[PDB]
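The block underneath contains the structure these notes are about, expressed in structure tokens.
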Amino acid sequence: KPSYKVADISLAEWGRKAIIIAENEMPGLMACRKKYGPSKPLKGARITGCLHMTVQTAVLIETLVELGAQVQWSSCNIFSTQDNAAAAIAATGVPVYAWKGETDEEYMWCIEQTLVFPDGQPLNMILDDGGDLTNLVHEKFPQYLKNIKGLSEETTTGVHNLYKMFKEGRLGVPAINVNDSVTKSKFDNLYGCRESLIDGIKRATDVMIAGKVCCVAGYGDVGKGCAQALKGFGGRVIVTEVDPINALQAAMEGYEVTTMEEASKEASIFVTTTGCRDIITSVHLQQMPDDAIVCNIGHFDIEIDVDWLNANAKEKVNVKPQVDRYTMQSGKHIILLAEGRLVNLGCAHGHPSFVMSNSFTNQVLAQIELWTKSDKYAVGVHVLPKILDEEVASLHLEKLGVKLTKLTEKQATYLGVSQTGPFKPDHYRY
Amino acid sequence: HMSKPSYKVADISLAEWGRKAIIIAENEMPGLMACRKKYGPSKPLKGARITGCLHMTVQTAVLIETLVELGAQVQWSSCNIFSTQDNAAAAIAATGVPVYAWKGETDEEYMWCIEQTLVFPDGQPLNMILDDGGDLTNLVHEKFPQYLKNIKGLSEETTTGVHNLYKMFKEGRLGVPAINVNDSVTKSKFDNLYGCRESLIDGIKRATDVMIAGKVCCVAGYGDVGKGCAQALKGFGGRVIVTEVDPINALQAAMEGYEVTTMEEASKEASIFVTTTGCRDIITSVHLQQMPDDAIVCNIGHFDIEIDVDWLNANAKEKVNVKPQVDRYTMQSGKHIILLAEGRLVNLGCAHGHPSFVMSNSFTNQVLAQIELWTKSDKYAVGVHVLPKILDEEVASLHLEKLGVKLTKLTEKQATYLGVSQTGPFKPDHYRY
Amino acid sequence: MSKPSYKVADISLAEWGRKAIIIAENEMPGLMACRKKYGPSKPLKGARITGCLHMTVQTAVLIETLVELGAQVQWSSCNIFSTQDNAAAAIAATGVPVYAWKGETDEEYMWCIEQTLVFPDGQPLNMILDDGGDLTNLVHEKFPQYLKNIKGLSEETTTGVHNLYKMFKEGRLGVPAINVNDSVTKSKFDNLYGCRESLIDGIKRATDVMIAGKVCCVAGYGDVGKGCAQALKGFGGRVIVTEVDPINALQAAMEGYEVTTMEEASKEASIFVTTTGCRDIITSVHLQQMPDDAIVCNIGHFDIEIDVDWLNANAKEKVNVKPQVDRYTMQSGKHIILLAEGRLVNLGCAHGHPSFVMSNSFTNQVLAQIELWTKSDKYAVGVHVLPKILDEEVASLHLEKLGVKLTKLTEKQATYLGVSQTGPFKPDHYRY
Amino acid sequence: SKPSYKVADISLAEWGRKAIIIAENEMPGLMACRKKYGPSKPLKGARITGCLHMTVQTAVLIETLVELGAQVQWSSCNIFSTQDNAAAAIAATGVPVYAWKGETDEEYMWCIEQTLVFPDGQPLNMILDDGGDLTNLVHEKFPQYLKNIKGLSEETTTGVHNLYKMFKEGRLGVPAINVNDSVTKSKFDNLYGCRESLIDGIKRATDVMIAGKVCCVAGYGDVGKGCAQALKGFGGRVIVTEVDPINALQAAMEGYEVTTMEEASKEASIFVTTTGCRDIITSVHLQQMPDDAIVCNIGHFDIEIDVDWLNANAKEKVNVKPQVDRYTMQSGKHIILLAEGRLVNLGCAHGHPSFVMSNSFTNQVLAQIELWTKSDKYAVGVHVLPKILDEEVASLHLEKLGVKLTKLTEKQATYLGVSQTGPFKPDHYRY
Ligand SMILES: NC(=O)c1ccc[n+]([C@@H]2O[C@H](COP(=O)([O-])OP(=O)(O)OC[C@H]3O[C@@H](n4cnc5c(N)ncnc54)[C@H](O)[C@@H]3O)[C@@H](O)[C@H]2O)c1
Ligand SMILES: NC(=O)c1ccc[n+]([C@@H]2O[C@H](COP(=O)([O-])OP(=O)(O)OC[C@H]3O[C@@H](n4cnc5c(N)ncnc54)[C@H](O)[C@@H]3O)[C@@H](O)[C@H]2O)c1
Ligand SMILES: NC(=O)c1ccc[n+]([C@@H]2O[C@H](COP(=O)([O-])OP(=O)(O)OC[C@H]3O[C@@H](n4cnc5c(N)ncnc54)[C@H](O)[C@@H]3O)[C@@H](O)[C@H]2O)c1
Ligand SMILES: NC(=O)c1ccc[n+]([C@@H]2O[C@H](COP(=O)([O-])OP(=O)(O)OC[C@H]3O[C@@H](n4cnc5c(N)ncnc54)[C@H](O)[C@@H]3O)[C@@H](O)[C@H]2O)c1
Ligand SMILES: Nc1ncnc2c1ncn2[C@@H]1O[C@H](CO)[C@@H](O)[C@H]1O
Ligand SMILES: Nc1ncnc2c1ncn2[C@@H]1O[C@H](CO)[C@@H](O)[C@H]1O
Ligand SMILES: Nc1ncnc2c1ncn2[C@@H]1O[C@H](CO)[C@@H](O)[C@H]1O
């Protein structure tokens, strides 16, 4: 029924204006529009999408439509949506069903609306962050896997699901994984969360990082950026890790590596980045000092046990939205952010638009590659080619005023690499 | 009897939220809390009526209530139209403290708010002055010199203000003893530095959400605020260019990986601009005309002298308010200029200012100076004074426990060798830290 | 007029090298655990391993670790300025054949490699450990008959592996080969953190120049250039970066570095660092524009990234300040300081990467030799990387020296993340 | 002064000269002093005795003073600091140089004693000092010269603490300029210079990896700030010790853990003393230190570490290289001491780079002129150079670094209450 649901459509004015600022911050999406605009390759493809309903997503949705595609959209998180960007998109008649403060019930209903298209035909393509949509079409009625071509996935959690969905019958549709692109994982994960995380803590807490002991759980791409942020603001950062390689990395970069049992006692600020269950537990929380802040920057709220805390705290006081302060039976206080969910999105606006142009430009491509080259893409995981990975990166250099050297003909022969690309072997880790 | 507002605040309903945020802040401000335990039972500020014109913040509420717990009547205003946090103002007003402050203030209103704080509820005029920027101080001097005979003290908090103070004593135009809280090492080298390190990107990000990395930034000035401002942008991946008029500060910046060029050159390259000089005319028409599209322009030095906002408003094809304190000028060239806080302090205008922990250092010096000027007035003089180093070292000592520092005690052998006391003072007075 | 057994410069330095070897052992936890683990079972028994690696204090622990695993080892350096003379004498004094000294000639360099090929039992080498591909090349070009009995080669550097892949695309690879460089425990540690410290050390020992305030150009933002640029930035330099790859170029901009061309950097920069592995990075055009007394150094393997021959051909005067530190007076009258004749400045002007990071690279190397000697089979003719199970063991072996307390996944968590509690913890496409 | 000069190997002079030539291009302030004051020869008639590390940088200072009319004689202030090639270059030039690396304490004192009376049999009229050793020799011994000495300049925080203490005790006999506490020395040489020189000396001595290691810096002043930043940037985790709450808060706001030596001596493998105070590392701490810990001192004097106990109570002492000693403790653990506890940058490397030393030595030359020319502007007592001179020192180095400084308009300058040529800051500005 509802053409759209977006909280307050009066915010559309504000949103169009953050959109136009984002377009200036998202030159890769803009270069897609000039390069692929004339040819409109996504024509007659109706794509349901489940991603944070941010202004940067509006630029992606709108780049998709300018590339000739019908688009439905719904947020991958309850607090991920920015309500200004919601109304602005829906004021253009692109059906969007999403708002901040969703209920788990409201969250999954919106996805049901996106599977439908206003014309009526089921769908042809799918773009997802996490697996909720991907899983729903599978686990909740698969009648429309055949008509559609393929799917696109962003998060490293949801990519893990798709790799393991291909251990058996799952993946009735061919899939590209846009996370394992370097222009995504080595930028969004690391460079983005470097900006987004501290932003979210400040807005919720306005706490001083300088001189505070900080614990980062996980020293992967997200963990490396989160620790760099706090180290750069005068924080001393202890790092927890289960992988030997990442541990040596943190240690060779000046970070003490030890267990949460040790770190829960010393540190005052806690950020979970592992993508694994039960990073902060009961024993840990009771050991933390008074008014310690505990947040999670990984997909899914299973890294901290909010359930135990909600249950074993004496009092739960809501300071402001997504900021809850618990008074433990001990008398120490625990401040929780975003109920342990995606803090950058819950207590701020996520990664800036520029790094999202690298992410969503890969996604534009992934979507073109599946529909125009369905012959090339058997059902399974796929990963985009490298000259395409390099092309996303090359599209942001002009904005950054980067003057890139071109290899001499004699030079390229020496390196076995074409002058135009690709420049690195497949195994290259960057 | 024309009756007088007991307070003027945006929404008194916000009192409950402010109390909550205050309580969180108190626990991250040990120095103010320590001041309450040591001097509070002895009411050192009894009989003193302090008038305060400082950005009305959560942190400033802990300062107000600390002075009140130390036996002082307090009335407050903000030194900026955009600096006041409304939730803290409501809470302090809900404590029977006359406060006249709200975000979104007009210049006429701002002046009205300060004048309401001069006379306390019994008709008696103010004894004491706590000021940031000089506006209240100048007001009493200029318009109300009748009050200065019975004003025992003046304390000032910021660099632009201490400069006005000094040349007021130089011109003979200062008539009350004064203390320079900004040049206590615990504020100068922590607040102006470590606070702006964190407060500047908070203001920028909240208004714009802009990625610092890969971007050319300009920091006009490499003083305490500029040193903090450049370190933050460079730690976020920014390429920072600094301008400087003192050769020493330019050499400091050069030796720390920064290019030092003129603002004429930087307007070409930089997309982000922060002004921190306390000086006028740092960004001019020529500078803004050179700037790239959607360049973000902000000012962290006290007062809107550094950028020519008056030119911008008057010479733009179009001006659009994205949201409060964020305006985007569509210039004659077709380029766009994103201005933050209308050329006013971006950290308090587009965010909540410096963190509570570092503000405890500054406000602890403030409480202490107020005790000095009230309880030991005959010691002081009309001039411009600085707290003793034994007191500056105390400020720091109060904050070490919260961070977990374990300071080492000098032996009697070590003390005599260095010629100091095991208790201090530990450094010479010309020591720059 | 007879095979020398060993040729080093000053066998007197043995005691000094042996005392420095004891310190390095205590800084190389992986190699020592290799001796303790693999020593008793002697898996390199029968192997006649020829190695062409910089004859350093760190390489001596590698040689003696291979001998403790049963191997017969003979050695030459892969660069004429890299050999540390105390290390070379010590190893020679134990009786292991080593032909390496600082101050070698190109003709003496080849002589040294040729002396490592046939062992004192009169038998040619059955295993190769190369750094640069030169020993690999020589054996394929000049001595192809020896390839039937070479059960495998292991290569430590990015440039040698590029030679190996091109060899195998063509029909030119004679043996099975392992690529130690692109083990995560090498590239992301040795090339990054190693060059972070060794590049500055080299310039400092050679020049004693200040990094604070200087404009610096690093050509390349690979693993070497990332760490080189990080080092200079940490001492107060502003580092201009040149790049041909869009991905590295974006990475450098996100780390606050200006990315431009050498054409422009040659004007502003006073310190020049080349890290690409490609010829002709610094040309006559670039050297003529440089500021007076600019320092030019190359941390790439091979001296092709700068035109030293042009500097020699077209300059008014060359003065030698000290060994490996040469000042050219150009026709302009401006001065150009060249370190180590364009050869690896860390190895040439200092001692190279520190021992601890070399334990991670050399422990991969010890592992690869075992693989090729002991499991020839799973290793056909081609270029192979070590398995992640063992990549992780390299890092695991170094965590206690650094005090790191690692975390054990609960069986619940491991089943959630789909991993063994003992690894491998990541997919092979992980870029770390 | 019978020997005229005593240097280790005069045969190394040509090498030193080639190295001093490269140093001159990195030292514009001293060169500009030769340009400006060259013709006037303002220090003409000046017999200057110097007691600073005999380095290539000290040599550019020596010859700059000579360009300015002065006759100078030089000794080193540390037994291991002298660079022998530079002493040889200056010795061959005729300026009497009495310094060699690895002196003995007895030889060290005899070296300084030759510098007092110049070759014509006349005593010195000017003192230039680093550590106060020469200053105290002239006061405590040979005190008859103090009346024909117009002044002294001191480089070192230690030197000036002693100089300030001398004035309290009434013992200071000459007007003394405290060169150390000029901003262009303290905030650049002690900081930026020790950041590069400390890591150099450890590396040349040990070749140890800084990454992954735990390190402890005792003190967080100008030296300890730079020493700690240096190690943290190469991947090390730095623990800081402090007796002053202000410096300790600073170190904490920068992410460093501040704790006692008793705790850090157990975790960290690298130890550098930066306080200028006695008894920083003791037997208690040394026994708890991890096996093969590297312990060094960057303070002017070798009092922050107890080498006497290490020698007396260790099982073995093995010399790896000059100024590198590995002690085997009764525990079996090993401790590596650098340069026998003395200054490790100058002992195991070549000290601060030349560019930062130009800032320091340009202050020194200006101070010597002021005391020799404007002798009446100065009464006995410890003084500092004017801010207009300090600002100048800095201004003379901006061109080399490419710095394009902003020039204030008259409206701006009157608004700030400042001249367009300075001084631009209140004298209490800490920068
Ligand atoms: N908020 C965002 O915008 C954003 C961006 C990127 C990724 N993510 C999410 O964050 C999560 C991690 O992302 P990633 O890119 O860093 O993947 P990653 O594999 O590279 O990092 C996770 C690391 O945590 C470690 N780990 C696993 N269980 C652990 C434990 N109990 N303690 C410590 N470490 C443990 C692993 O060893 C692993 O290296 C993913 O779920 C991803 O979806 C969020
Ligand atoms: N918003 C905040 O949180 C906050 C905090 C502290 C101070 N301040 C204010 O910021 C301003 C300056 O702070 P500060 O402590 O660093 O003062 P400062 O004296 O230490 O630094 C100012 C520097 O700017 C330079 N300068 C002056 N005019 C210049 C010009 N035209 N171009 C370039 N440089 C110029 C000076 O050389 C000086 O070194 C003051 O107005 C102060 O009141 C704001
Ligand atoms: N000094 C040492 O101890 C040491 C250690 C490891 C590797 N190396 C050697 O240094 C070189 C690089 O090693 P690596 O790991 O970083 O390889 P890499 O591939 O990761 O880095 C090379 C980079 O240089 C860039 N490049 C290539 N041609 C260029 C050009 N004309 N201008 C600018 N950039 C150009 C490439 O884009 C590439 O990103 C190799 O020769 C390697 O064998 C030396
Ligand atoms: N090697 C060099 O080239 C070089 C360069 C500059 C200075 N120095 C010398 O290094 C020493 C320090 O120089 P500075 O400028 O930094 O002086 P400083 O006063 O600024 O720093 C000394 C710090 O150590 C602290 N301290 C004092 N006693 C202590 C103790 N027992 N434990 C811990 N901290 C203690 C003090 O609080 C002080 O902050 C002096 O001897 C100075 O002469 C050497
Ligand atoms: N949160 C805050 N509350 C009150 N004053 C602040 C805050 N942050 C910064 N300031 C002060 O505001 C002044 C700038 O006008 C500075 O002196 C600074 O110390
Ligand atoms: N100190 C060292 N000793 C031995 N080999 C080294 C050292 N430092 C670097 N290397 C090696 O030399 C190679 C250069 O070809 C590097 O890739 C690295 O493996
Ligand atoms: N390389 C050097 N040459 C000469 N003096 C130096 C050098 N490095 C440091 N110094 C000086 O030595 C003093 C320490 O005793 C410092 O004040 C510093 O100025």
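FYI, side chains are in, hydrogens and waters are out, and symmetry mates aren't considered; it's all heavy atoms of this structure. Order of the sequence lines sets the chain letters (A, B, ...), proteins ahead of strands, with each chain counted from 1. When a ligand or atom number is given, it counts from 1 through the structure's own listing order.
Checked by distance only, ligand 6 and C:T59 stay at 3.5 Å or farther apart across all their nitrogen or oxygen atoms. Taking distance alone, with nitrogen or oxygen atoms compared against 3.5 Å, D:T406 stays at or beyond that limit from ligand 2. Any N or O atom pair closer than 3.5 Å counts here, and C:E156 shares at least one such pair with ligand 6. For ligand 2, the polar-atom distance check finds no N/O of B:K187 at less than 3.5 Å from any of the ligand's N/O atoms. The N/O atoms of B:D224, backbone and side chain alike, include one that comes under 3.5 Å of an N/O atom in ligand 2. Looking at A:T155 next to ligand 1, no N or O pair under 3.5 Å apart turns up. The shortest N or O to N or O distance between A:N189 and ligand 1 is under 3.5 Å. Considering backbone and side-chain N/O atoms, B:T159 comes within less than 3.5 Å of an N/O atom of ligand 2. In terms of polar-atom proximity, defined here as any N/O pair under 3.5 Å, C:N191 makes no such contact with ligand 6. On a distance-only criterion, B:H354 and ligand 2 share at least one N/O pair closer than 3.5 Å. Where the criterion is an N or O separation shorter than 3.5 Å, residue side chain and backbone included, B:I300 meets it with respect to ligand 2. An N or O contact shorter than 3.5 Å is missing between A:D188 and ligand 1 by distance. Between A:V222 and ligand 1, at least one pair of N/O atoms sits closer than 3.5 Å. For ligand 6, one of its N or O atoms has an N or O atom of C:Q58 under 3.5 Å away.
The A:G218 neighbourhood of ligand 1 comprises atoms 24 (O), 33 (C), 34 (N), with distances under 4.0 Å to a heavy atom of that residue. Proximity to A:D243 (heavy-atom distance under 4.0 Å) selects the following atoms of ligand 1: 37 (O). Of all atoms in ligand 1, listed by their number and element, those nearer than 4.0 Å to a heavy atom of A:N246 are 39 (O). In summary, the atoms of ligand 6 found under 4.0 Å from a heavy atom of C:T56, numbered by their order in the structure, are 2 (C), 3 (N), 4 (C). The atoms of ligand 1 that sit less than 4.0 Å from any heavy atom of A:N344 are 1 (N), 2 (C), 3 (O). Of all atoms in ligand 6, listed by their number and element, those nearer than 4.0 Å to a heavy atom of C:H54 are 4 (C), 5 (N), 11 (C), 12 (O), 13 (C), 14 (C), 15 (O). Those atoms of ligand 2 that come under 4.0 Å of a heavy atom in B:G278, given as number and element, are 11 (C), 41 (O). Atoms of ligand 1 found under 4.0 Å from any heavy atom of A:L342, numbered from 1 in the order shown, are 1 (N). For ligand 2, the atoms closer than 4.0 angstrom to any heavy atom of B:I282 are 30 (C), 31 (N). Contact atoms of ligand 1 toward A:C276: 28 (N) (distance under 4.0 Å to a heavy atom of the residue). Interface atoms of ligand 2 facing D:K425, defined by a heavy-atom separation under 4.0 Å, are 19 (O), 36 (C), 37 (O), 38 (C), 39 (O). Residue-ligand proximity, D:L416 to ligand 2, at heavy-atom distances under 4.0 Å covers atoms 27 (C), 28 (N). Applying the 4.0 Å criterion to heavy atoms of C:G352 picks out, from ligand 6, the atoms 1 (N), 8 (N). In the vicinity of B:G301, heavy-atom distances shorter than 4.0 Å reach the ligand 2 atoms 9 (C), 10 (O), 11 (C), 41 (O).
C:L347 counts as a contact of ligand 6, since one of its heavy atoms falls under 4.0 Å from the ligand. Under a 4.0 angstrom heavy-atom cut-off, B:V346 registers as lying outside contact with ligand 2. Within the structure, the closest approach of C:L344 to ligand 6 falls below 4.0 Å when heavy atoms are considered.
Judged by distance alone, the side chains of A:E154 and A:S359 do bring a donor and an acceptor atom under 3.5 Å apart. For A:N179 and A:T156, the side-chain atoms include no donor-acceptor pair closer than 3.5 Å. A donor-acceptor contact closer than 3.5 angstrom links the side chains of C:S82 and C:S77. With hydrogens and angles left out, the side-chain atoms of A:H160 and A:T157 include no donor and acceptor closer than 3.5 Å.
In C:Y430, the part holding a heavy atom less than 4.0 Å from any atom of ligand 1 is the side chain. Neither the backbone nor the side chain of A:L345 has any atom closer than 4.0 Å to an atom of ligand 1 (non-hydrogen atoms only). Residue contacts with ligand 2, taken as heavy atom pairs separated by less than 4.0 Å, involve B:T276 solely via the backbone atoms N, CA, C and O. Neither the backbone nor the side chain of C:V57 comes within contact range of ligand 6; no heavy atom lies under 4.0 Å. Counting heavy atoms closer than 4.0 Å to ligand 2, residue D:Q412 contributes side-chain atoms (C-beta onward) but none from N, CA, C or O. Both the backbone and the side chain of C:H353 come within 4.0 Å of ligand 6, judged by heavy-atom distances.
Classification of C:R343 and C:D303 as a salt-bridged pair holds, one side-chain N sitting under 4.0 Å from a carboxylate O. The pair A:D188-A:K184 does not meet the salt-bridge criterion, since no charged nitrogen lies less than 4.0 angstrom from a carboxylate oxygen. By the 4.0 Å N-to-carboxylate-O rule, B:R280 lies too far from B:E306 to be salt-bridged with it. Using a 4.0 Å cut-off between a side-chain N of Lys or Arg and a carboxylate O of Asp or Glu, C:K426 and A:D243 qualify as a salt bridge.
Of the protein's non-hydrogen atoms, C:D190 OD2, 3.7 Å is the one closest to atom 18 (C) of ligand 6. Scanning the protein heavy atoms around atom 9 (C) of ligand 2, the nearest turns out to be B:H302 N, 3.6 Å. With respect to atom 5 (N) of ligand 6, the closest heavy atom belonging to the protein is C:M358 CE, 3.1 Å. Of all protein heavy atoms, the one lying nearest to atom 22 (C) of ligand 2 is B:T277 O, 3.6 Å. Atom 25 (C) of ligand 1 has its closest protein heavy atom at A:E241 OE2, 3.4 Å. From the protein, the heavy atom lying nearest to atom 17 (O) of ligand 6 is C:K186 NZ, 3.0 Å. If you check which protein heavy atom lies closest to atom 21 (O) of ligand 2, you get B:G223 CA, 3.4 Å. Looking from atom 26 (N) of ligand 1 to the surrounding protein, the closest heavy atom is A:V242 CG2, 3.4 Å.
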Check against ring-ring contact (aromatic ring centres under 6.0 Å, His included), B:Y166 and D:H428: CA-CA 12 Å; B:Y166 271 113; D:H428 65 262; 5.6 Å; yes
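The nearest non-hydrogen atom to atom 41 (O) of ligand 1, considering only A:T157, C:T410, A:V355, comes from A:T157. With distances taken over non-hydrogen atoms, the option nearest atom 4 (C) of ligand 1 out of A:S185, A:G223, A:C193 is A:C193.
Taking the six-membered ring for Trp and thresholds of 30 and 60 degrees, C:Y432 and C:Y430 have ring planes more than 60 degrees apart, a perpendicular arrangement.
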